[PDB]
Amino acid sequence: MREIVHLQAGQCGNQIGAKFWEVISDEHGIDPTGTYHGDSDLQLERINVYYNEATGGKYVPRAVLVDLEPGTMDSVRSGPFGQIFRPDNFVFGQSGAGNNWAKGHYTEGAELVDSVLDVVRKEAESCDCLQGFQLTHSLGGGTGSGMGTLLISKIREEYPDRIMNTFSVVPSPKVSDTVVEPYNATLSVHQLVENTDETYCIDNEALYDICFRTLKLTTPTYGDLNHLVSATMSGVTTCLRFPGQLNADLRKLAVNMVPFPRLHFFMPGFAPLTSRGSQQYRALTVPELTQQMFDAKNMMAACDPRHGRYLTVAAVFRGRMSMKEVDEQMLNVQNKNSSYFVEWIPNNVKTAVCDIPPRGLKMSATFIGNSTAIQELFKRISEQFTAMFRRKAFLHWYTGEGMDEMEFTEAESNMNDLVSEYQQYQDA
Amino acid sequence: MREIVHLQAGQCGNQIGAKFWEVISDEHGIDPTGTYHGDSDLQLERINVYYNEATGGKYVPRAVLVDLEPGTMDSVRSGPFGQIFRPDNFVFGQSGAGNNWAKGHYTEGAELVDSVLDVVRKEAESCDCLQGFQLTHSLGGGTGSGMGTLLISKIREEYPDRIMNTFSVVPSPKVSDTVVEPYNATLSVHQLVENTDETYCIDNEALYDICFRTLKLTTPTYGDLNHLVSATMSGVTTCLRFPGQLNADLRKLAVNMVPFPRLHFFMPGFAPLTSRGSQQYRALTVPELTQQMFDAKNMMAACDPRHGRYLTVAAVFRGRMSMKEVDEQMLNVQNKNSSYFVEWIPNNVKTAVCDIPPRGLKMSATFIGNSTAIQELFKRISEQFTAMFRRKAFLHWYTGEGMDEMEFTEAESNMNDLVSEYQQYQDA
Amino acid sequence: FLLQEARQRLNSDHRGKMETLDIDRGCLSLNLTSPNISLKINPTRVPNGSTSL
Amino acid sequence: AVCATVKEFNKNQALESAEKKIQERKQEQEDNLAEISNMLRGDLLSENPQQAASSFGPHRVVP
Amino acid sequence: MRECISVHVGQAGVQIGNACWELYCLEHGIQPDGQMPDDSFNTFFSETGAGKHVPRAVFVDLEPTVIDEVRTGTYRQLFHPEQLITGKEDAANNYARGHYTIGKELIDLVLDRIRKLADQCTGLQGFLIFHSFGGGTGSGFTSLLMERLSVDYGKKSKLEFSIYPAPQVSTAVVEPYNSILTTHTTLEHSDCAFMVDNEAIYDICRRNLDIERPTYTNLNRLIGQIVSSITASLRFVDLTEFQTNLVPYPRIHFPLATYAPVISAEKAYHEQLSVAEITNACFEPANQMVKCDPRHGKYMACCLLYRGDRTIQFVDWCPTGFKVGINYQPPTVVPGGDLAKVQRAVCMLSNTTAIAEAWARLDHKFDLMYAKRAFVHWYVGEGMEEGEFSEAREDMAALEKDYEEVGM
Ligand SMILES: Nc1nc2c(ncn2[C@@H]2O[C@H](COP(=O)(O)OP(=O)(O)OP(=O)(O)O)[C@@H](O)[C@H]2O)c(=O)[nH]1
Ligand SMILES: Nc1nc2c(ncn2[C@@H]2O[C@H](COP(=O)(O)OP(=O)(O)O)[C@@H](O)[C@H]2O)c(=O)[nH]1
Ligand SMILES: Nc1nc2c(ncn2[C@@H]2O[C@H](COP(=O)(O)OP(=O)(O)O)[C@@H](O)[C@H]2O)c(=O)[nH]1
Ligand SMILES: [Mg+2]
């Protein structure tokens, strides 16, 4: 009875969601038709957090799949799990955003939000007590960033006391594949600071780094980077569905890592990620989960936490483990490091223990760390936004949609001050 | 309870320390795949000194292999016992040191030093109570000695209360397979002075005298020399792994033999080394172990203690044997000789008895001695450094890497005082 | 090759079941007048290798 | 006598607690084997190309 | 006619009450179905005319997923189905949510079921409230419960068993704000609050018993043993004489707890457990249940509950400081539990001056956060004014000077 509505936009948000739902359905014993084929009773007990019961024992997800072109709605529909989605929930337009923010926010996406808000008002009335929403989108595109941050601004005026997570794929300076990347990324970080409650930052050059040096994959596709993200996406909602010795809502994680209302950009991590050659060497205990969780080779964002203080830290464990050993390793990582942790917060790490491990593992964990090393992520964008805009490199696409030049000036000082806001706790 | 984190550096450092692990694993009954197949419980009760636990009853060593070229990190993996190591602990660069001490200290080995202090801290902060590290390296190469002193210079500062033992292979007096040897060894012995608790001195020429004259082999090899080093490495650290009638840790030998903090260069040896043919005549008693520790032909350094004085002497006995008959022989050699012992220490010998013998032997013995005849080693390195450095021979291969000429001039005068330090404990 | 490996394991399982059938039949065959009743060293103890039902 | 039977009960309880500890350690090793066997059989680490097969037909693939 | 209504608020309360009620079922003949296969159960159980025995407890939470396990567990048939009260959304480590916004949806239901339970009992001693300082519901709804129980149930005894926050380990960031804002509003509304923290019980389960890596159940069982030793003289002293003999001044109601033999069955064979041994082991600082030390303070009162068969320095004004009670039933072993079977035990409840360092550390950490105004927007936006931080801090300043003043 704490339901979660999934919202997913763009090609990036529809190919993450095709793999996230492929992970949850294994976790609850749902085949690609929709019938429960499982071997427990805990799986059927709280399936209503994500699944809507149909007639005949079928379960369909509570997801809305939006896009501005019809090309990515067919590869989703032709995957292994593409026949569980309710066919009305696909909302797709017939002219793309074209890597343009303004068409996504003013011209094409503005004629589509009123045909999406009808859909999400249908899955917000099937819930006896709705917990909150979720968006997966890419900040480097045109319909993940224009329409996606247009939906959040229209959701948050209609359900203003709920929880609105995002899973942002922030652009990387090295792995980049669009010339006009920093215009959309600057004008969307301005749109996330005053309309989300939590925002996990993901860079694609940090998921390639994990798939090259830890899992040692030969050719990681996007299907192996969507599996890395989707293991954290179900690691933060895992006490809403399975019991434990010390639970954690999504609201309880909002309380403990947001000390001030504009500081909610995190960096996720997932603990037992290992190769296939190093599988018989690994010893499978709780101190090995804690050593890898805090590793700076392991964060899903491309910024190093050795360059700043840790404001607050989370940990969401799974499995059957000991509450002494869980609680003595958070104290242990906190007393050696005197100046990696902020001084006016005496205890920084919040722990929770669920009791049911992922399908095929003994135990697992998850990390949601709030750092003042996240403000270097917004300065590589702000050194490339101002290199182009000082000569007006590409503006005639953007101006000719009803958009003014002054929005490129108010979205400079509104991100130049968040860097200074994270800076004032970097040093007292 | 008393852990040792093994380090090893270079082609010399890995071909020594891959045979040492085959020695230890058959001292504890570990098969080539890693599992335990033994017929005692003294083989297993103190195995946590060296072996991390893995899953399924499998034990992996606490060793970190550093190198600067990937060719000698595949002969190690393809040996007999090469599959027991965790594959992450293999560290290798892509471009060699090139027998250049500057290239491994300043240029190539200053970016690899940051990538191995992640490995050595994951293995140091996973111990219940860390006793102290090790090193195995050579002062003639580039990655054993350039980077290999950069490690000790760095992890003395982070861990200044623990033990830092080293097993140097300092350059040989007669045989010399590198022209640019004396710039390597002169610039490295200054870094050994300040940052090291104990240092042994092993000459590869004096390993060749044993394996021909005494052991009487037709063909010696660099496995019959790496068996002699590893049979001394095991003797110093066997009262940590096996019970005795009198114990001796790694501290209790450094407490007794190092009076003044600049004087920690020792002279190993090993007593029962006998041939096939002469075995019928040899191998008799305990007076035939004190006869052959102290024989001046058996020293593992090519410097003779008849030239000077034993500051302090040590002996670690292995085998279940008489606490009287051990103590009567050390009284016997301390009293017959007068000018081989310093005047201001009247009990120069420390003794230890370990019960469980080496593999295949019924009794054995091990030696450490500390001499003011070890300062004839540095008067022969400095006769061939300032021979070359007077007319500035190979100077561009070091100055163009980022050094200067007065880093040379201090490093000779940081050896021409330790020579004249030992010359004042020569006569009171 | 896989069928050979499976036959190996089934043969070992059959071997174990016949030998404990022998032991159980002997234990039932003992009575109040056997000459091998001998008040042994330690009953009610469980050996080191002991699985459950 | 009452002290004798309390001490006998304590000794017996020590035997059952030790056997329970041995049993749970062996069950932990069994779960470790299931861990590593399922993770090696998993398609993410096996990289079998059959995951690119599509429900539309055997000629098209999933991008 | 000697009943005790138990109230279990929070996940800590429910998971402790599971172990307590298993022990209470097993001490008498009660099966987990509810049938016996004598009337001494009447202090804890009610006898329906259909043969069934129903406990006198109320389980409260704002989250359903820790009471649903009680509803689907082994003890499913024992509990009355509406003695277990659940909300929909929890308090989320927020004293304001647990006091003002969410707890007001459940306070009337809890008071209704408490009134229905208290009408059965002829002679009711008092209530027992099990809660944790750190959580949301156990810090907000518990304080709201005592505030709305003081005006409704007279001068009845209101005993509290609390999980006080441990000196160096905790499972939350926002814990000191809760741990001060609940003490400020339960200072005048309580009679006796025995405080045990999880860190000292971890130390005892590691040291006395040989359980390295324990979980919460090995702690809940020892808490259940202490509650049974407190209430055992009703079944086989009272609850009423505790508040007279432990609380001199009406703001210093914070005693401590100890159980004397907590030993394993492989070391109960090696030793005597005579009355002198267990009495000496009560007063040892390694065996206390709060990580503190009464050598560095002054004793004020002691109550010694025996069950079965110049270092200690007192204050100037209390020379005697001893209440002694004796019961005859030895403690009962549960299967699967870790303590031995013993003939004698002692539980000591001691009021001491050496708890001043706990309030000094709590005030230090509250100051460390609140001087830079961290986490305040959550507490302000949920129907709670900002100035309550200032009043709670100056009130606990008065409490520290009280602990110094009585000692001087
Ligand atoms: N001794 C003991 N302590 C427990 C147990 N369960 C939870 N705790 C304590 O509970 C504290 C965490 O707060 P909780 O009580 O779990 O949370 P809550 O009171 O339900 O508040 P909300 O989560 O907001 O609903 C931890 O500090 C633990 O010390 C238990 O079974 N035994
Ligand atoms: N991590 C991840 N990134 C993706 C995936 N698919 C696309 N992307 C990235 O998304 C960016 C393009 O975003 P896109 O969806 O095309 O935005 P749109 O044009 O507005 O739809 C590129 O940088 C891609 O690398 C995916 O499955 N996983
Ligand atoms: N004892 C021993 N000495 C060696 C071995 N290999 C090389 N050496 C000596 O070590 C010196 C060369 O150092 P090396 O390890 O080859 O250089 P590096 O690889 O850059 O560290 C020469 O003086 C060699 O004689 C070996 O296997 N055992
Ligand atoms: Mg709770």
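In case you wondered, yes, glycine gets a Cβ from its N, Cα and C as well.
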Correct range for motif 'MREI motif' (source Swiss-Prot, candidates B:1-4, B:9-12, B:297-300, B:377-380): B:1-4
Residue among B:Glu45, B:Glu53, B:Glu69 sharing the GTP site, where Swiss-Prot lists B:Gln11, B:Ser138, B:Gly142, B:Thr143, B:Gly144, B:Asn204, B:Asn226 as binders: B:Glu69
Top Cα neighbour of B:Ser172 (phosphoserine) in the set of binding-site residues B:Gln11, B:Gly142, B:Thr143, B:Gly144, B:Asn204: B:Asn204
Where the C-beta lies under 6 angstroms from ligand 3, the matching recorded positions among B:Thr55, B:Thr143, B:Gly144, B:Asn204: B:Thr143, B:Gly144, B:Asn204
Binding-site residues near chain A, Cβ-Cβ under 8 Å, from B:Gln11, B:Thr143, B:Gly144, B:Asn204: none
Cα distance (Å, whole number) from B:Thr55 (phosphothreonine) to B:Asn204 (GTP binding site): 40
Rounded Cα-Cα span from B:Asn226 (GTP binding site) to B:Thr55 (phosphothreonine), Å: 31
Pairwise Cα distance maximum in Å, GTP-binding residues per record: B:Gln11, B:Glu69, B:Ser138, B:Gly142, B:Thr143, B:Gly144, B:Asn204, B:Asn226: 23
Secondary structure at B:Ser172 (phosphoserine), reduced by DSSP to three states: coil
C-beta crowding around B:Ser138 (GTP binding site), within 10 angstroms: 27
In the chain carrying B:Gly142 (GTP binding site), residues 6 or more apart in sequence that have Cβ under 8 angstroms from it: B:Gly10, B:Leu68, B:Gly96, B:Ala97, B:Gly98, B:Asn99, B:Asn100, B:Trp101, B:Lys103, B:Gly104, B:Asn184
Recorded positions (B:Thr55, B:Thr143, B:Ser172, B:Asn204, B:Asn226), the one with most neighbouring Cβ atoms at 10 Å: B:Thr143
Among B:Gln11, B:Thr55, B:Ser138, B:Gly144, B:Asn226 (the recorded positions), residues with Cβ under 8 Å to chain D, listed in sequence order: B:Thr55
Counts by DSSP class (helix H/G/I, strand E/B, coil) across the motif 'MREI motif' (B:1-4): 0 helix, 1 strand, 3 coil
